[PDB]
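Descriptive analysis of the structure
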Amino acid sequence: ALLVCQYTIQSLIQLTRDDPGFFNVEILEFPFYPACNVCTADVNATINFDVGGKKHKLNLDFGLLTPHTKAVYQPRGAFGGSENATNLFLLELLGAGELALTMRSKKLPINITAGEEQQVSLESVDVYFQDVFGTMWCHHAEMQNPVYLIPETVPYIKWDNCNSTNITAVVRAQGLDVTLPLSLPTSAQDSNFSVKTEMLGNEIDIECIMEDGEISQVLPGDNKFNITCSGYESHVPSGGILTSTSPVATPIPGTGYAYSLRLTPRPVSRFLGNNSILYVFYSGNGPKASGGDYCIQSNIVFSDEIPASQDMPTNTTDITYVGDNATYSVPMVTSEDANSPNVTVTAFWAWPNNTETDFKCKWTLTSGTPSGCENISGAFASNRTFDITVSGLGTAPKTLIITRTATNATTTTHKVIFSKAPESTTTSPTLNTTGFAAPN
Ligand SMILES: *[C@@H]1O[C@H](CO)[C@@H](O)[C@H](O[C@@H]2O[C@H](CO)[C@@H](O)[C@H](O[C@@H]3O[C@H](CO[C@@H]4O[C@H](CO)[C@@H](O)[C@H](O[C@@H]5O[C@H](CO)[C@@H](O)[C@H](O)[C@@H]5O)[C@@H]4O)[C@@H](O)[C@H](O[C@H]4O[C@H](CO)[C@@H](O)[C@H](O)[C@@H]4O[C@H]4O[C@H](CO)[C@@H](O)[C@H](O)[C@@H]4O[C@H]4O[C@H](CO)[C@@H](O)[C@H](O[C@@H]5O[C@H](CO)[C@H](O)[C@H](O[C@@H]6O[C@H](CO)[C@H](O)[C@H](O)[C@H]6O)[C@H]5O)[C@@H]4O)[C@@H]3O)[C@H]2NC(C)=O)[C@H]1NC(C)=O
Ligand SMILES: *[C@@H]1O[C@H](CO)[C@@H](O[C@@H]2O[C@H](CO)[C@@H](O[C@@H]3O[C@H](CO[C@@H]4O[C@H](CO)[C@@H](O)[C@H](O)[C@@H]4O)[C@@H](O)[C@H](O[C@H]4O[C@H](CO)[C@@H](O)[C@H](O)[C@@H]4O[C@H]4O[C@H](CO)[C@@H](O)[C@H](O)[C@@H]4O[C@@H]4O[C@H](CO)[C@@H](O)[C@H](O[C@@H]5O[C@H](CO)[C@H](O)[C@H](O[C@@H]6O[C@H](CO)[C@H](O)[C@H](O)[C@H]6O)[C@H]5O)[C@@H]4O)[C@@H]3O)[C@H](O)[C@H]2NC(C)=O)[C@H](O)[C@H]1NC(C)=O
Ligand SMILES: *[C@@H]1O[C@H](CO)[C@@H](O[C@@H]2O[C@H](CO)[C@@H](O[C@@H]3O[C@H](CO[C@@H]4O[C@H](CO[C@@H]5O[C@H](CO)[C@@H](O)[C@H](O)[C@@H]5O)[C@@H](O)[C@H](O[C@@H]5O[C@H](CO)[C@@H](O)[C@H](O)[C@@H]5O[C@H]5O[C@H](CO)[C@@H](O)[C@H](O)[C@@H]5O)[C@@H]4O)[C@@H](O)[C@H](O[C@H]4O[C@H](CO)[C@@H](O)[C@H](O)[C@@H]4O[C@@H]4O[C@H](CO)[C@@H](O)[C@H](O)[C@@H]4O)[C@@H]3O)[C@H](O)[C@H]2NC(C)=O)[C@H](O)[C@H]1NC(C)=O
Ligand SMILES: *[C@H]1O[C@H](CO)[C@@H](O[C@@H]2O[C@H](CO)[C@@H](O)[C@H](O[C@H]3O[C@H](CO[C@H]4O[C@H](CO[C@@H]5O[C@H](CO)[C@@H](O)[C@H](O)[C@@H]5O)[C@@H](O)[C@H](O[C@H]5O[C@H](CO)[C@@H](O)[C@H](O)[C@@H]5O)[C@@H]4O)[C@@H](O)[C@H](O[C@H]4O[C@H](CO)[C@@H](O)[C@H](O)[C@@H]4O[C@@H]4O[C@H](CO)[C@@H](O)[C@H](O)[C@@H]4O)[C@@H]3O)[C@H]2NC(C)=O)[C@H](O)[C@H]1NC(C)=O
Ligand SMILES: *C1O[C@H](CO)[C@@H](O[C@@H]2O[C@H](CO)[C@@H](O[C@H]3O[C@H](CO[C@@H]4O[C@H](CO[C@@H]5O[C@H](CO)[C@@H](O)[C@H](O)[C@@H]5O)[C@@H](O)[C@H](O)[C@@H]4O)[C@@H](O)[C@H](O[C@H]4O[C@H](CO)[C@@H](O)[C@H](O)[C@@H]4O[C@@H]4O[C@H](CO)[C@@H](O)[C@H](O)[C@@H]4O)[C@@H]3O)[C@H](O)[C@H]2NC(C)=O)[C@H](O)[C@H]1NC(C)=O
Ligand SMILES: *[C@@H]1O[C@H](CO)[C@@H](O[C@@H]2O[C@H](CO)[C@@H](O)[C@H](O[C@H]3O[C@H](CO[C@H]4O[C@H](CO)[C@@H](O)[C@H](O)[C@@H]4O)[C@@H](O)[C@H](O[C@H]4O[C@H](CO)[C@@H](O)[C@H](O)[C@@H]4O)[C@@H]3O)[C@H]2NC(C)=O)[C@H](O)[C@H]1NC(C)=O
Ligand SMILES: *[C@@H]1O[C@H](CO)[C@@H](O)[C@H](O[C@@H]2O[C@H](CO)[C@@H](O[C@H]3O[C@H](CO)[C@@H](O)[C@H](O)[C@@H]3O)[C@H](O)[C@H]2NC(C)=O)[C@H]1NC(C)=O
């Protein structure tokens, strides 16, 4: 019996230049709860290929995610494909509340191929994500024009001369970042800068290129430029800054004109393995930026440094009340539309230790009063507002983490923090005054 998943996200993808052969899909979209360290996630992907007119499925099983422990994941088994296919795919957690999936091309994951059908296509991708609260989140990303996986294990070419500028390039979330120093003879004012990279490690060949053109008038100190690495561009664009490190016209000897160069290119897959080599090409020309003069090269390493900001953002609200059961009104689902046919309030007692018990409080337009939800109350109010009644009365400010989500999947997470019990004034049983011991 196949998935139901409330909340499905569409996503168009296309290939820019020929690929380095990763093939990468990122998903700013799933829920990673803030102030939650026990929050597992049940990921299950599914690629829909095409061989001849024939459409062939491939279900991968990533099992359970442990965001507070593991950053990178590999499917643990996969029904419907070749073998040694288990490490053909790669699901990596990234920055703020998001995922990326990298399944390499040039190594067919479909054995179902007779020599005849050497030609294989990748039509779309399904990434299932079952919530800690048990909400299945689907994310169907579809290749604009089918992408052709064409086996190869060819060219194991390194580049040649290139002065090694020992400085290591490190990748964090598929985003590389290095600052290489470089000097350009003949560049005071009349300098045309043109950089071009190419991370050539492993069976992977990424190739980045300035797109908006060259920096024709290289002003002094921090020129920012955009670059387009071949593959599947990331929402966080990829750029670089050429900053100057030498006087205007005030040098004359050997040291031509010094510059500090910083590269920030994106989709740079771990598949590239560590000990790959970043080639940086540059000239001081405008006639043929192509294959021009100087080449500088650096080694790259893939940190397994679990991204920091993994949990989704928060807007805390402080309440203080006395009635021994407070009430917050989770405002409108997303914004301006009191006619969604799918709202979902969702409660949380901050930093919960146990999954089988702490994630039971949930509401919907058609539900009401959830099974295991102890001491939290929730029911919709006027204009789609949602009042939550917290009655777990203590004398130590509990912070509740609410999450609401529209039919659009525009999640929004509050973080109310009930100061609760302010406490009775000492003279509670008396305090009836009149000026008698004071002038009047
Ligand atoms: C990297 O990429 C980089 C960027 O993409 C690139 O820069 C780099 O590559 C190369 O770098 C080279 C330098 O390193 C550079 O040369 C390359 O770029 C260009 O070169 C071409 C070709 O150049 C020339 O060859 C011509 C023929 O041989 C020659 O006419 C030119 O000029 C002379 O000056 C010498 C010095 O006196 C003289 O000995 C010569 O005999 C000759 O007269 C030059 O040798 C250029 O064509 C091209 O561009 C134009 O732009 C440049 C820069 O602006 C000019 O030098 C050139 O003349 C031409 O431009 C003008 O064009 C527009 C359109 O009309 C004008 O509106 C604009 O303002 C500009 O001109 C002025 O010139 C007019 C014509 O003479 C004047 O009439 C005008 O008027 C005046 O008003 C003023 C106030 O408003 C004053 O009043 C002034 O004054 C005098 O005033 C006194 C009293 O005060 C009195 O009244 C008197 O009567 C009066 O006369 C008025 O005249 C105004 O002055 C390029 O710029 C470059 N490559 C490229 C493609 O960029 C790349 N690197 C690599 C390695 O890849
Ligand atoms: C590194 O990467 C970075 C990211 O890529 C990059 O940064 C980007 O740089 C960009 C610059 O290219 C920036 O985009 C711009 O930013 C300026 C800031 O405002 C923004 O608005 C953007 C779009 O809405 C938005 O994306 C941004 O976030 C931002 O908020 C903006 O001012 C810029 O300029 C204008 O100029 C561009 C370029 O030409 C033009 O496309 C825009 O329309 C706009 O210019 C108009 O207005 C002026 C004055 O009125 C006119 O002089 C212009 O001619 C033009 O206007 C019109 O004439 C038409 C004819 O009469 C008329 O139709 C138009 O009106 C309405 O226009 C509608 C569409 O625009 C539509 O056409 C509508 O429709 C009817 O249409 C039908 C048919 O459809 C019929 O024609 C009908 O007749 C008609 O009525 C019209 O009525 C106008 O009046 C520019 O947008 C961006 O900020 C930035 N991004 C980021 C995140 O940084 C870096 O640069 C890269 N780094 C390097 C170093 O390169
Ligand atoms: C990998 O990296 C390496 C290094 O990081 C890159 O190396 C280099 O490639 C470039 C080309 O890309 C070569 O280019 C030109 O080089 C010259 C000269 O180089 C020096 O030669 C001096 C003089 O003698 C001669 O030797 C050369 C070559 O054999 C012949 O061409 C001549 O005919 C002549 O025989 C020599 O004096 C100078 O230095 C000495 O220093 C050493 C060590 O200190 C001593 O052993 C020696 O005794 C000398 O002592 C000196 O030391 C004292 C003490 O400080 C000092 O007082 C003295 O004054 C003296 O320095 C070198 O050995 C360079 O002149 C050219 O310069 C032009 O560029 C300038 C910089 O921007 C600019 O300011 C100038 O105006 C010139 O510019 C213009 O050229 C353009 C383009 O052609 C024109 O369009 C424009 O209009 C102008 O004409 C120029 O740089 C380098 O020589 C080469 N370096 C090495 C070490 O090999 C390599 O490229 C890179 N590879 C890749 C793929 O990126
Ligand atoms: C909160 O509210 C929202 C809104 O109400 C709810 O969202 C709705 O959610 C429900 C389910 O919960 C969705 O059903 C519903 O609609 C869309 O999805 C269904 C399913 O679509 C796709 O899946 C089909 C099932 O397939 C799988 O099948 C394979 C093999 O068969 C299995 O092995 C897999 O394991 C897997 O499970 C596919 O068959 C289907 O299509 C095939 O077609 C492809 C392209 O045409 C082809 O290339 C591919 O190879 C496949 O073979 C697809 O992948 C759809 O049925 C609905 O779509 C219609 O459009 C289809 C495509 O255009 C037509 O084929 C179909 O006849 C439908 O009819 C059309 O209507 C249009 C416009 O009115 C008209 O022009 C046209 O003439 C047709 O009559 C649909 O897109 C969404 N509804 C909305 C509004 O988005 C949400 O569930 C709820 N949440 C909560 C909390 O409960
Ligand atoms: C499922 O996957 C399996 C395996 O992944 C697929 O099947 C296999 O078929 C491969 C060939 O197509 C076999 O080749 C491996 O071993 C090679 C030999 O090993 C190094 O080779 C040196 C030189 O070679 C010969 O020596 C042999 C023994 O002496 C001899 O038979 C032969 O005649 C030659 O004389 C040898 O001296 C040295 O001691 C060592 O044996 C090796 O060259 C193969 O390539 C590698 O390349 C990949 C890609 O990087 C790496 O992942 C591998 O670990 C391995 O090693 C490196 O190469 C890197 C890049 O150059 C380098 O940077 C790095 O440092 C390292 O040295 C290959 O390993 C397999 O043995 C065979 N496997 C099995 C189990 O039978 C199978 O088809 C797949 N199935 C499907 C459906 O897809
Ligand atoms: C703050 O919020 C809390 C919850 O969010 C509000 O809830 C009250 O809190 C207490 C717990 O702290 C609940 O126990 C309370 O409960 C029900 O209490 C009744 C029990 O009745 C009595 O009689 C027996 C037998 O003689 C006796 O042994 C016992 O001690 C007691 O005296 C239930 O009967 C009642 O349910 C019934 O009544 C309705 C209407 O007729 C029926 O439709 C129901 O089916 C059911 O039979 C209560 O549910 C709970 N109180 C209420 C009224 O909700 C708390 O009120 C709130 N504080 C304020 C002031 O807002
Ligand atoms: C999220 O869910 C909302 C509530 O259902 C959608 O309205 C919203 O919208 C796409 O958003 C568009 C912006 O209003 C809207 O667009 C179109 O058609 C009109 C009429 O020709 C044009 O004026 C607009 O330019 C626009 O193309 C669509 O209704 C909407 N699509 C759907 C199916 O809702 C969703 N937003 C997101 C994140 O997708």
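Residues numbered from 1 in each chain as written, not as in the entry; some residues may be left out. Chains lettered and ligands numbered in written order. Heavy atoms only, no water. Residues with missing side-chain atoms left out of burial classes, pairs and counts.

- Its PDB header names X-ray crystallography as the technique used to obtain the model and reports a resolution of 3.5 Å.

- Looking at the PDB entry, the protein carries the name Major outer envelope glycoprotein gp350, with the source organism given as Human herpesvirus 4.
- In the PDB, the title recorded for this entry is "Epstein Barr Virus Major Envelope Glycoprotein".

1. Quick word on the site of ligand 4
- The full set of residues close to ligand 4 is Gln 6, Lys 55, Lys 57 and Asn 342.
- Across the complex, the protein chains shield 15% of the 1,600 Å² of accessible surface that ligand 4 would expose by itself.
- In the shell around ligand 4, the residues fall into no nonpolar, two polar and two charged. (Near = heavy atom within 4 Å. Areas by Shrake-Rupley, 256 points an atom, 1.4 Å probe, with all protein chains shown as cover. Nonpolar A, V, L, I, M, F, W, Y, C, P; charged D, E, K, R; others polar.)

2. Examining the site of ligand 2
- In the vicinity of ligand 2, the residues found are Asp 212, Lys 224 and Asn 226.
- Contact distances for ligand 2 include 2.4 Å between a nitrogen atom and a side-chain N or O atom of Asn 226. (Polar contact = N/O pair within 3.5 Å; in protein donor to acceptor, adjacent residues only side chain to side chain.)

3. Points about the state of the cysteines
- A full pass over the atoms with the stated rule returns five disulfides.
- Each disulfide pairs two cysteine sulfurs, and for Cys 5 the partner residue is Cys 138, the sulfurs being separated by 2.0 Å. Between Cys 5 and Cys 138 the sulfur-sulfur dihedral comes to about -95 degrees; the bridge is accordingly left-handed. Note that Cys 5 is positioned in the segment before β1 (8-13) and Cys 138 in strand β12 (residues 136-149), a separation of 133 residues in sequence.
- With relative accessibility at 12%, the residue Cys 5 sits in the buried group. (Disulfide = S-S within 2.5 Å. Helix = DSSP H or I, 4+ residues; strand = E, 2+ residues; numbered from the N terminus. Buried < 20%, exposed > 50% of the residue type's maximum accessible area, 1.4 Å probe, protein only.)

4. A look at the pairing of strand β17 (residues 239-244)
- Judged from the four bridges that link them, strand β16 (residues 223-226) and β17 form a sheet pairing that is antiparallel. Each bridged residue has a counterpart across the sheet, and for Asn 226 the counterpart in β17 is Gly 239.
- Pairing geometry for β17 and strand β18 (residues 258-264), over six bridges, is antiparallel. Paired with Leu 242 across the strands is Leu 261, a residue of β18. (Pairing = 2+ DSSP bridges.)

5. A look at the pattern of salt bridges
- The tally for this structure, following the rule as stated, stands at seven salt bridges.
- In this structure, the salt-bridge partner of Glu 92 is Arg 270, at a minimum N-O distance of 3.2 Å. One end of the pair, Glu 92, is in strand β9 (residues 91-93); the other, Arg 270, is in the loop between β18 and β19 (276-283), and 178 residues separate them in sequence.
- Here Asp 177 and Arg 262 are joined by a salt bridge, their closest N and O atoms 2.8 Å apart. Highlighted residues: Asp 177 in strand β14 (residues 176-183) and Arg 262 in strand β18, separated in sequence by 85 residues.
- Among the residues examined, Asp 177 registers a relative accessible area of 30% and is labelled partly exposed.
- Taken together, the shared-partner salt bridges in this structure form one network comprising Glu 92, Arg 270 and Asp 304. (Salt bridge = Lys/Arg side-chain N within 4 Å of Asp/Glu carboxyl O.)

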